[PDB]
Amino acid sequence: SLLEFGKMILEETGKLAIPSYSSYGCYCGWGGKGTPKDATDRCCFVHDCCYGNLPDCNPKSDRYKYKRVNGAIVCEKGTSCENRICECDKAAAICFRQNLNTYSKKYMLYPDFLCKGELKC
């Protein structure tokens, strides 16, 4: 659920999910159109393709359990869904960190309007 995903992002990046990522670029803060603006934006994209491959699950709402082992995110075992969702969230969060040095305020509150077209996942 967004609760785990959000506090996962703050642990990895130091930024709070909401203002930092709720509306970054074309895919961060749920969008679905356009050509990803940068690296951070590419992660929201990939994260969306990840959620999209869980038809049998409720990604935005199901609460899953996870712990940090020696500073690394580890998805605890739960249902098939909770596990796949958690991995999607972990991958996105970790990516966010890896690309912090390219995070541009220039893309926060980016006009969804400017994003046109549907990219294949």
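Heads up: residue numbers just count along the shown sequence, starting at 1. In this text, the rigid core denotes the largest set of C-alpha atoms whose superposition between the two forms falls within 1.5 Å.
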(message) After superposing on the rigid core, which of 7 to 15 and 105 to 113 has its C-alpha atoms sitting farther from this form in 7 other deposited structures of this protein?
(response) 105 to 113
(request) Please indicate which stretch deviates more in 7 other deposited structures of this protein: 76 to 84 or 23 to 31, judged by C-alpha RMS distance after a core superposition? (result) 23 to 31
(request) Identify the stretch, either 112 to 120 or 1 to 9, whose C-alpha atoms have the larger mean B-factor according to the entry. (result) 112 to 120
(request) Identify the stretch, either 34 to 42 or 91 to 99, whose C-alpha atoms have the larger mean B-factor according to the entry. (result) 34 to 42
(request) Kindly indicate the residue among 75, 69, 81, 50 with the greatest C-alpha B-factor in the PDB record. (result) 69
(request) Would you please rank residue 85 by its C-alpha temperature factor against the other modelled residues of its chain and give the third it falls in: lowest, middle or highest? (result) lowest
